[PDB]
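A.B. asks: One file: final.txt (compact mmCIF, N, CA, C and O atoms).
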```txt
# COMPACT_ATOMS: atom_id res chain seq x y z
N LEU A 1 19.35 -0.52 -24.16
CA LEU A 1 19.51 0.77 -23.50
C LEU A 1 19.73 0.56 -22.02
O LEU A 1 19.19 -0.39 -21.44
N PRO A 2 20.54 1.42 -21.38
CA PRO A 2 20.76 1.36 -19.94
C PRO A 2 19.47 1.66 -19.18
O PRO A 2 18.55 2.30 -19.72
N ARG A 3 19.37 1.18 -17.97
CA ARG A 3 18.16 1.34 -17.22
C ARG A 3 18.44 2.12 -15.97
O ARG A 3 19.54 2.03 -15.41
N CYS A 4 17.50 2.92 -15.56
CA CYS A 4 17.63 3.61 -14.30
C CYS A 4 16.95 2.75 -13.26
O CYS A 4 17.61 2.18 -12.38
N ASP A 5 15.61 2.60 -13.41
CA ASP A 5 14.76 1.81 -12.49
C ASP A 5 14.94 2.25 -11.05
O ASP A 5 14.77 1.45 -10.12
N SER A 6 15.25 3.53 -10.89
CA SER A 6 15.44 4.15 -9.61
C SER A 6 14.20 3.92 -8.74
O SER A 6 13.09 4.25 -9.15
N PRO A 7 14.38 3.31 -7.56
CA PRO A 7 13.27 2.88 -6.71
C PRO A 7 12.41 4.02 -6.17
O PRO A 7 11.22 3.85 -5.88
N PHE A 8 12.99 5.18 -6.09
CA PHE A 8 12.31 6.34 -5.59
C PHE A 8 12.92 7.57 -6.22
O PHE A 8 13.95 7.49 -6.88
N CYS A 9 12.26 8.68 -6.03
CA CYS A 9 12.71 9.97 -6.50
C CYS A 9 11.83 10.98 -5.80
O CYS A 9 10.81 10.59 -5.20
N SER A 10 12.19 12.23 -5.81
CA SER A 10 11.40 13.25 -5.14
C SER A 10 11.59 14.58 -5.83
O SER A 10 12.49 14.74 -6.61
N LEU A 11 10.75 15.55 -5.53
CA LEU A 11 10.88 16.88 -6.12
C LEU A 11 12.10 17.63 -5.61
O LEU A 11 12.56 18.58 -6.22
N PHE A 12 12.59 17.21 -4.47
CA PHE A 12 13.81 17.79 -3.89
C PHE A 12 15.03 17.18 -4.56
O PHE A 12 16.05 17.84 -4.76
N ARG A 13 14.92 15.92 -4.89
CA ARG A 13 15.98 15.18 -5.51
C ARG A 13 15.47 14.45 -6.71
O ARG A 13 14.98 13.33 -6.61
N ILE A 14 15.55 15.11 -7.83
CA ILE A 14 15.12 14.53 -9.10
C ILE A 14 16.31 13.85 -9.76
O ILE A 14 16.16 13.15 -10.76
N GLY A 15 17.47 14.02 -9.14
CA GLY A 15 18.72 13.47 -9.65
C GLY A 15 18.81 11.96 -9.50
O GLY A 15 19.83 11.36 -9.86
N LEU A 16 17.76 11.35 -8.95
CA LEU A 16 17.67 9.90 -8.89
C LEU A 16 17.45 9.36 -10.30
O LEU A 16 17.78 8.21 -10.60
N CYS A 17 16.90 10.19 -11.16
CA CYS A 17 16.67 9.84 -12.53
C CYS A 17 17.23 10.94 -13.40
O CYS A 17 16.53 11.88 -13.76
N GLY A 18 18.49 10.85 -13.68
CA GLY A 18 19.13 11.89 -14.42
C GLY A 18 19.52 11.45 -15.79
O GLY A 18 20.02 10.33 -15.97
N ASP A 19 19.20 12.29 -16.77
CA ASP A 19 19.60 12.20 -18.17
C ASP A 19 18.89 11.12 -18.95
O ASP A 19 18.71 11.24 -20.16
N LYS A 20 18.47 10.11 -18.28
CA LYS A 20 17.94 8.97 -18.96
C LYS A 20 16.48 8.70 -18.64
O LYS A 20 15.71 8.36 -19.53
N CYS A 21 16.09 8.88 -17.41
CA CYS A 21 14.72 8.62 -17.03
C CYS A 21 14.18 9.85 -16.34
O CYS A 21 14.92 10.81 -16.14
N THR A 22 12.93 9.86 -16.00
CA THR A 22 12.35 11.01 -15.36
C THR A 22 11.40 10.54 -14.26
O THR A 22 10.75 9.51 -14.41
N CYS A 23 11.37 11.22 -13.16
CA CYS A 23 10.49 10.83 -12.11
C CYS A 23 9.36 11.81 -11.99
O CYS A 23 9.51 13.00 -12.30
N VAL A 24 8.24 11.31 -11.59
CA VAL A 24 7.07 12.12 -11.38
C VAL A 24 6.79 12.17 -9.87
O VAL A 24 6.47 11.16 -9.26
N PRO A 25 7.03 13.32 -9.22
CA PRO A 25 6.75 13.47 -7.80
C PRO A 25 5.26 13.72 -7.55
O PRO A 25 4.66 14.66 -8.11
N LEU A 26 4.67 12.88 -6.73
CA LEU A 26 3.28 12.99 -6.39
C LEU A 26 3.02 12.33 -5.01
O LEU A 26 2.94 11.10 -4.91
N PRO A 27 2.91 13.12 -3.93
CA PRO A 27 3.08 14.58 -3.93
C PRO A 27 4.56 15.03 -3.90
O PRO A 27 5.02 15.71 -4.82
N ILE A 28 5.28 14.65 -2.85
CA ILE A 28 6.68 15.05 -2.71
C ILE A 28 7.58 14.01 -3.33
O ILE A 28 8.53 14.33 -4.07
N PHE A 29 7.31 12.76 -3.02
CA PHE A 29 8.07 11.67 -3.57
C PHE A 29 7.34 11.13 -4.78
O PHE A 29 6.15 11.40 -4.95
N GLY A 30 8.01 10.41 -5.60
CA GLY A 30 7.37 9.86 -6.75
C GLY A 30 8.13 8.71 -7.30
O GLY A 30 9.19 8.35 -6.76
N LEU A 31 7.62 8.15 -8.35
CA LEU A 31 8.24 7.02 -8.98
C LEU A 31 9.03 7.47 -10.19
O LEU A 31 8.82 8.58 -10.71
N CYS A 32 9.93 6.65 -10.62
CA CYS A 32 10.78 6.97 -11.73
C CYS A 32 10.32 6.20 -12.93
O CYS A 32 10.12 4.98 -12.85
N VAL A 33 10.15 6.87 -14.03
CA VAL A 33 9.70 6.23 -15.22
C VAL A 33 10.71 6.44 -16.35
O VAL A 33 11.18 7.56 -16.59
N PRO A 34 11.15 5.36 -16.95
CA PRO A 34 11.96 5.42 -18.13
C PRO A 34 11.06 5.47 -19.37
O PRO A 34 10.17 4.63 -19.54
N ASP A 35 11.25 6.46 -20.21
CA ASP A 35 10.43 6.57 -21.41
C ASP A 35 10.97 5.62 -22.45
O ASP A 35 10.23 5.02 -23.23
N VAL A 36 12.27 5.48 -22.43
CA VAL A 36 12.96 4.60 -23.31
C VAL A 36 13.61 3.48 -22.50
O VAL A 36 13.23 2.30 -22.71
```
The structure in this file should be written as structure tokens.
C.D. replies:
Amino acid sequence: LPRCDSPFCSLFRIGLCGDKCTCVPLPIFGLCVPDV
């Protein structure tokens, strides 16, 4: 499977992890986690 491994992400820009992974903003910025 393709990987995102996006180094950062934020609640303003969740598009760092689009379609494939999801980021958790805490508080404003967050890390990106691939479920798959």
A.B. asks: List as number ranges by chain the protein and nucleic acid residues near residue 27 (chain A), meaning an atom at most 10 Å away when only C-alpha atoms are counted, but skip any in the same chain fewer than 3 places from it.
C.D. replies: A: 10-11, 24, 30
A.B. asks: From the DSSP assignment of the backbone, select every residue of chain A that is strand (DSSP E or B), and format the answer as a PyMOL selection string.
C.D. replies: chain A and resi 9-10+22-25+29-33
A.B. asks: Restrict the selected residues to N, CA, C and O atoms and save them as a compact mmCIF listing (two decimals), keeping the file's coordinate frame.
C.D. replies:
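Everything below was put into result_32.txt:
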```txt
# COMPACT_ATOMS: atom_id res chain seq x y z
N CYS A 9 12.26 8.68 -6.03
CA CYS A 9 12.71 9.97 -6.50
C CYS A 9 11.83 10.98 -5.80
O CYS A 9 10.81 10.59 -5.20
N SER A 10 12.19 12.23 -5.81
CA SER A 10 11.40 13.25 -5.14
C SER A 10 11.59 14.58 -5.83
O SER A 10 12.49 14.74 -6.61
N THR A 22 12.93 9.86 -16.00
CA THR A 22 12.35 11.01 -15.36
C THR A 22 11.40 10.54 -14.26
O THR A 22 10.75 9.51 -14.41
N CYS A 23 11.37 11.22 -13.16
CA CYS A 23 10.49 10.83 -12.11
C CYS A 23 9.36 11.81 -11.99
O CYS A 23 9.51 13.00 -12.30
N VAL A 24 8.24 11.31 -11.59
CA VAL A 24 7.07 12.12 -11.38
C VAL A 24 6.79 12.17 -9.87
O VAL A 24 6.47 11.16 -9.26
N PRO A 25 7.03 13.32 -9.22
CA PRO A 25 6.75 13.47 -7.80
C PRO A 25 5.26 13.72 -7.55
O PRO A 25 4.66 14.66 -8.11
N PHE A 29 7.31 12.76 -3.02
CA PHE A 29 8.07 11.67 -3.57
C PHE A 29 7.34 11.13 -4.78
O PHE A 29 6.15 11.40 -4.95
N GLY A 30 8.01 10.41 -5.60
CA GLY A 30 7.37 9.86 -6.75
C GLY A 30 8.13 8.71 -7.30
O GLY A 30 9.19 8.35 -6.76
N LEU A 31 7.62 8.15 -8.35
CA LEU A 31 8.24 7.02 -8.98
C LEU A 31 9.03 7.47 -10.19
O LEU A 31 8.82 8.58 -10.71
N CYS A 32 9.93 6.65 -10.62
CA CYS A 32 10.78 6.97 -11.73
C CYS A 32 10.32 6.20 -12.93
O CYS A 32 10.12 4.98 -12.85
N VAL A 33 10.15 6.87 -14.03
CA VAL A 33 9.70 6.23 -15.22
C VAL A 33 10.71 6.44 -16.35
O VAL A 33 11.18 7.56 -16.59
```
A.B. asks: Counting all atoms listed in the file, figure out which residue out of A:4, A:9, A:21, A:16 gets nearest to residue 33 (chain A).
C.D. replies: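 Once distances to residue 33 (chain A) are computed over all atoms listed in the file, the minimum belongs to A:21.
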A.B. asks: Just the number, please: distance in Å from atom N of residue 17 (chain A) to CA of residue 3 (chain A), one decimal.
C.D. replies: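 Taking atom N of residue 17 (chain A) and CA of residue 3 (chain A), their separation equals 10.8 Å.
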A.B. asks: May I have the residues within 8 Å of residue 22 (chain A) as a CSV table (one decimal) with N, CA, C and O atoms, in the frame of the given file, using only C-alpha atoms and disregarding those fewer than 4 positions away in the same chain?
C.D. replies:
```csv
chain,number,residue,atom,x,y,z
A,14,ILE,N,15.6,15.1,-7.8
A,14,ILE,CA,15.1,14.5,-9.1
A,14,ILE,C,16.3,13.8,-9.8
A,14,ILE,O,16.2,13.2,-10.8
A,17,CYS,N,16.9,10.2,-11.2
A,17,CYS,CA,16.7,9.8,-12.5
A,17,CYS,C,17.2,10.9,-13.4
A,17,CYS,O,16.5,11.9,-13.8
A,18,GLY,N,18.5,10.8,-13.7
A,18,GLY,CA,19.1,11.9,-14.4
A,18,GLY,C,19.5,11.4,-15.8
A,18,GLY,O,20.0,10.3,-16.0
A,32,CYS,N,9.9,6.6,-10.6
A,32,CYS,CA,10.8,7.0,-11.7
A,32,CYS,C,10.3,6.2,-12.9
A,32,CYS,O,10.1,5.0,-12.8
A,33,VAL,N,10.2,6.9,-14.0
A,33,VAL,CA,9.7,6.2,-15.2
A,33,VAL,C,10.7,6.4,-16.4
A,33,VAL,O,11.2,7.6,-16.6
A,34,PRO,N,11.2,5.4,-17.0
A,34,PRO,CA,12.0,5.4,-18.1
A,34,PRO,C,11.1,5.5,-19.4
A,34,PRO,O,10.2,4.6,-19.5
A,35,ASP,N,11.2,6.5,-20.2
A,35,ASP,CA,10.4,6.6,-21.4
A,35,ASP,C,11.0,5.6,-22.4
A,35,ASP,O,10.2,5.0,-23.2
```
A.B. asks: In Å, rounded to a single decimal, give me how far CA of residue 12 (chain A) is from atom N of residue 36 (chain A).
C.D. replies: 22.3 Å
A.B. asks: Could you tell me how far atom O of residue 25 (chain A) lies from atom C of residue 6 (chain A), in Å and to one decimal?
C.D. replies: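 Answer for the atom O of residue 25 (chain A) to atom C of residue 6 (chain A) separation: 14.4 Å.
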